[PDB]
Amino acid sequence: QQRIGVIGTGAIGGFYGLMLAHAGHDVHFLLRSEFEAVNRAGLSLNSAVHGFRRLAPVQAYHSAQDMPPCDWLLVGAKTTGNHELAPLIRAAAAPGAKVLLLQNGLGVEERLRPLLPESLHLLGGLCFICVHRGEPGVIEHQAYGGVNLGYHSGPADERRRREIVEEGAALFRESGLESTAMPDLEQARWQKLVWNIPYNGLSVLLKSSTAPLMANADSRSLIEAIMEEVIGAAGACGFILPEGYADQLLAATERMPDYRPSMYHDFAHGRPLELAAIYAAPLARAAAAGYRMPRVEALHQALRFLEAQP
Amino acid sequence: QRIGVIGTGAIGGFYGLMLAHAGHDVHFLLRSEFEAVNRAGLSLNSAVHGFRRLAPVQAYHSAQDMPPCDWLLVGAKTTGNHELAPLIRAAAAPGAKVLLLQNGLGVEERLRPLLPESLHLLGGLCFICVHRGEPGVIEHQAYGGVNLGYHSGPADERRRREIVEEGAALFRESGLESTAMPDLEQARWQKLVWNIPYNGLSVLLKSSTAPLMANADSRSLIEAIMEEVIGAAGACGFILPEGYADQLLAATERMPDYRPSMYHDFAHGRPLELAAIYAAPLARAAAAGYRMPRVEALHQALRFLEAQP
Ligand SMILES: NC(=O)c1ccc[n+]([C@@H]2O[C@H](COP(=O)([O-])OP(=O)(O)OC[C@H]3O[C@@H](n4cnc5c(N)ncnc54)[C@H](OP(=O)(O)O)[C@@H]3O)[C@@H](O)[C@H]2O)c1
Ligand SMILES: NC(=O)c1ccc[n+]([C@@H]2O[C@H](COP(=O)([O-])OP(=O)(O)OC[C@H]3O[C@@H](n4cnc5c(N)ncnc54)[C@H](OP(=O)(O)O)[C@@H]3O)[C@@H](O)[C@H]2O)c1
Ligand SMILES: CC(C)CC(=O)C(=O)O
Ligand SMILES: CC(C)CC(=O)C(=O)O
């Protein structure tokens with residue numbers, strides 16, 4: 001019923017694009033390194049939640065200008081190349097399209113917004129999912145998959161903004177995925193950092209997946225201390241998270257399957273880490289509030305050092 | 001002045017050899033590399049002084065075989081006092097001076113209950129870049145000075161200054177720089193400003209001093225850690241000299257690329273000196289109500305790494 005465009009068909013874009021297509025939506029994929037392989041072989045998903053899923057043939061595109069105008073654009077690219085990202089979105093966007101950034105970090109919508117026409121709605125999609133590019137054209141989905149949507153900016157008034165976020169959530173729900181409308185995209189991005197900041201960084205730094213990090217008492221105490229810093233930074237910036245929120249997130253991660261965070265896969269494959277959106281932007285916002293995050297600041301410095309080493 | 005060396009590694013081998021090369025009667029107790037040292041001897045390749053060779057050397061595999069020494073240079077690691085203590089006692093002459101050429105905080109006090117109260121327990125702060133190369137070979141890269149401080153023993157206020165002065169004179173006799181320190185605790189805190197950031201980050205970031213100093217992010221991290229140790233020392237009653245971080249950084253800039261002792265330990269599978277270098281300063285700072293979040297986090301990361309397969 002809706003024409004969906006996927007700008008950046010990686011683990012996230014491939015997964016959500018495939019899931020929507022399997023729900024009967026008209027999905028068009030823009031691919032980069034794997035366009036040729038996915039164009040011929042197709043898209044396939046190994047998922048512990050949804051079983052094996054395949055799309056063949058896929059409506060795949062190597063040029064964004066080849067794509068037809070889409071009502072929703074699912075941005076699955078990393079936050080690392082914003083000026084490379086913007087021209088593609090405008091090309092594939094139908095009049096008044098909804099742009100949904102399926103991206104981690106803080107301040108990402110504001111940073112992309114100057115390049116996007118004011119006629120386009122800009123939304124944030126916070127994905128709680130364990131997923132990675134496993135094999136060329138194959139997506140490895142380990143757990144979860146829910147997406148929470150929030151409206152950032154666009155021509156909609158307050159009622160229409162809620163309707164558009166609800167419309168986006170319902171699309172994923174129709175696909176068999178969990179989805180809720182968030183009242184405050186900025187508050188939700190801060191909440192998501194409480195998990196991404198310790199786990200993404202320590203997985204790279206300590207060369208470890210989630211289970212050994214939770215099993216060892218020192219890493220677990222370090223994770224909790226980092227969580228408190230992010231929660232304090234969120235509070236200092238005007239967003240007070242729920243009571244005992246660190247304990248809730250720690251408990252759920254213990255129930256998580258053994259998992260290597262997205263940033264771990266990035267570091268192993270030599271891809272740029274999303275340090276700017278996940279670490280630098282929270283650190284800068286907290287500094288503006290006069291709130292120091294010593295452990296996060298030190299972790300960011302170590303991550304930058306590791307990226308720069310031969 | 002019979003000198004004994006308990007733990008003839010890089011540190012014990014270096015200072016023992018320098019004393020022996022200066023005519024002293026030095027007796028080396030060895031562990032893993034005894035048979036190698038007993039045949040080849042001790043060779044010192046020093047970028048500061050040059051090449052020195054001690055062959056043959058008075059080498060021992062058990063402290064029981066050692067004669068009673070007036071000075072005991074302890075160059076062992078701080079990770080096995082239960083093994084270390086009977087060795088010191090067996091090699092100690094009556095009223096001997098035990099010099100702990102070891103990093104960390106609280107090191108002497110942790111050893112004092114296992115040594116007779118008639119022995120003089122001293123600390124030796126060694127600012128030096130030295131490591132064991134091939135068996136029997138000591139690779140000395142930079143610096144080498146030792147500052148001495150008195151911790152415990154039967155000596156009165158007068159003899160405590162004389163004993164610390166006598167030990168410093170031995171090292172100055174051998175061509176080394178050596179200063180008598182009035183406060184061993186403050187001097188140990190000073191040495192921690194270097195070993196806390198550089199030992200841990202070398203293991204954590206799988207790197208040596210040159211890459212850590214050349215990268216702007218790791219350099220800022222080192223500095224931030226240094227200010228934590230400085231602030232903790234001041235919170236515990238020991239105000240360190242001003243701009244000591246900058247002085248340490250400048251010395252490290254003029255250091256050849258160096259792997260701290262803890263880096264060699266991790267690579268060889270030996271236990272890391274975390275208890276003396278991190279746990280003790282953290283607990284001491286905690287009792288003073290001073291928090292070291294970066295050092296606390298570094299210590300947790302190191303404990304994680306040491307427990308991994
Ligand atoms: N479990 C997860 O993976 C997860 C969970 C939550 C949130 N996220 C967030 O989702 C976003 C993507 O993460 P990911 O795991 O999916 O990484 P990924 O597997 O590397 O996917 C990123 C995709 O974007 C493509 N891309 C980037 N620029 C492009 C351009 N101009 N044109 C066409 N394609 C372009 C990349 O192409 P190439 O593959 O050819 O390089 C890649 O396919 C990140 O912001 C991440 O924080 C990920
Ligand atoms: N440039 C430096 O190396 C440097 C500088 C400043 C401070 N330090 C500190 O000096 C001390 C020793 O450093 P290092 O570089 O000489 O290490 P090292 O090369 O490993 O030398 C240690 C020597 O003592 C032995 N040993 C280790 N633990 C022992 C124990 N519980 N009991 C008896 N003997 C033991 C070792 O036996 P094996 O032969 O079997 O290994 C070895 O012979 C450490 O506290 C270190 O932090 C070193
Ligand atoms: C639920 C998290 C594992 C997803 C995420 O944010 C990531 O892997 O980067
Ligand atoms: C004086 C330093 C270069 C030595 C040190 O801290 C070490 O190697 O453990």
Side-chain angles (χ1 to χ4, degrees), chain A residues 7-15 30-35 62 64 75-81 84-85 87-88 101-105 108 125-133 139 141-144 147 192 195-196 199-200 203 210 253 256 259-266 269 271 274 277-278, chain B residues 5-14 29-34 37 74-85 87-88 100-104 107 124-132 135 138 140-144 191 194-195 199 258 260-262 264-265 268 270-271 273 276-277:
Chain A
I7 308 300
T9 308
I12 286 290
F15 171 86
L30 169 69
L31 290 125
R32 198 204 231 167
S33 303
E34 281 155 30
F35 166 76
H62 67 300
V75 177
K78 299 277 192 201
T79 59
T80 41
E84 184 182 349
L85 177 51
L88 316 169
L101 307 190
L102 302 169
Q103 298 179 317
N104 282 338
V108 47
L126 289 179
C127 307
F128 306 81
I129 182 180
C130 300
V131 74
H132 62 91
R133 287 192 289 194
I139 298 147
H141 173 220
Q142 298 173 214
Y144 306 131
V147 184
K192 184 100 166 67
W195 194 99
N196 279 128
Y199 284 103
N200 291 37
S203 76
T210 44
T253 325
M256 269 186 56
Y259 167 71
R260 301 163 180 285
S262 93
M263 186 169 291
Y264 184 97
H265 294 277
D266 276 326
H269 288 261
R271 302 187 294 251
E274 296 185 300
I278 298 190
Chain B
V5 180
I6 314 302
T8 306
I11 290 294
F14 175 82
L29 170 60
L30 294 123
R31 291 200 339 187
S32 305
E33 303 181 354
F34 165 80
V37 165
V74 186
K77 289 261 164 66
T78 61
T79 46
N81 280 346
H82 177 277
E83 171 197 348
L84 186 269
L87 307 178
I88 297 189
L100 301 191
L101 308 170
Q102 300 174 315
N103 281 341
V107 183
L125 296 320
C126 306
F127 198 78
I128 182 176
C129 302
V130 74
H131 65 273
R132 286 189 283 175
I138 302 151
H140 176 223
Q141 278 187 8
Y143 299 117
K191 188 43 150 73
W194 197 98
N195 292 111
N199 277 275
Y258 172 69
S261 56
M262 190 167 294
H264 294 298
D265 277 337
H268 287 300
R270 302 180 296 214
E273 300 183 286
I277 297 175

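Numbering of ligands and ligand atoms starts at 1, following listing order. We name chains A, B, ... by the order of the sequence lines, and we start the count at 1 in each one. Computed from heavy atoms alone, side chains included, the values below leave out hydrogens, waters and symmetry copies.
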> With a 6.0 Å cut-off on ring centres, are B:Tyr143 and B:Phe127 close enough?
Replying inline: yes
> Would you say ligand 2 has an N or O under 3.5 Å from any N or O of B:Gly80?
Replying inline: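 There is such a contact, yes.
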Write out the residue and atom name of the closest protein heavy atom to [atom], then the distance separating them to 0.1 Å.
{"atom": "atom 48 (C) of ligand 1", "answer": "A:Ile12 CG1, 3.3 Å"}
{"atom": "atom 8 (O) of ligand 3", "answer": "A:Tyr259 OH, 2.6 Å"}
{"atom": "atom 3 (O) of ligand 2", "answer": "B:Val130 O, 2.8 Å"}
{"atom": "atom 29 (C) of ligand 2", "answer": "B:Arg31 NH1, 3.3 Å"}
{"atom": "atom 9 (O) of ligand 3", "answer": "A:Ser262 OG, 2.9 Å"}
{"atom": "atom 4 (C) of ligand 3", "answer": "A:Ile129 O, 3.1 Å"}

Could you list the atoms of ligand 2 found under 4.0 angstrom from a heavy atom of [X]?
{"X": "B:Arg270", "value": "20 (O)"}
{"X": "B:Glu273", "value": "44 (C), 45 (O), 46 (C), 47 (O)"}
{"X": "B:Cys126", "value": "6 (C)"}
{"X": "B:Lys191", "value": "6 (C)"}
{"X": "B:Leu84", "value": "32 (N)"}
{"X": "B:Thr8", "value": "43 (O)"}
{"X": "B:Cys129", "value": "1 (N)"}
{"X": "B:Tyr258", "value": "1 (N), 2 (C), 3 (O)"}

> Quick one: does A:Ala11 get an N or O within less than 3.5 Å of an N or O on ligand 1?
Replying inline: yes
> Hey, does A:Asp266 come in under 3.5 Å of ligand 1, counting only N/O atoms on both sides?
Replying inline: no
Check each atom of ligand 1 against the heavy atoms of [X] and keep those under 4.0 Å away; list them by number with element.
{"X": "A:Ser262", "answer": "2 (C), 3 (O)"}
{"X": "A:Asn104", "answer": "6 (C), 7 (C), 8 (N), 9 (C), 45 (O), 47 (O)"}
{"X": "A:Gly76", "answer": "11 (C), 12 (C), 21 (O), 22 (C), 23 (C), 24 (O)"}
{"X": "A:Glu84", "answer": "30 (C), 31 (N)"}

>> Heavy atom to atom 42 (C) of ligand 2, shortest distance: which of B:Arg132, B:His264, B:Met262 holds it?
In response: B:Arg132
> Heavy-atom distance to atom 10 (O) of ligand 2: which of B:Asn195, B:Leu101, B:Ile138 wins?
Replying inline: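 Going through B:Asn195, B:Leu101, B:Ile138 one by one, B:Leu101 has the nearest heavy atom to atom 10 (O) of ligand 2.
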> Do any nitrogen or oxygen atoms of A:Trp195 lie less than 3.5 angstrom from nitrogen or oxygen atoms of ligand 3?
Replying inline: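 A:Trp195 vs ligand 3: no N/O contact under 3.5 Å.
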> Which part of A:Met263 is near ligand 3, with near meaning a heavy atom under 4.0 Å away: side chain, backbone, both or neither?
Replying inline: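 Neither; nothing of A:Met263 gets under 4.0 Å from ligand 3.
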> Which is it for A:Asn200 and ligand 3 at heavy atoms under 4.0 Å: side chain, backbone, both or neither?
Replying inline: side chain
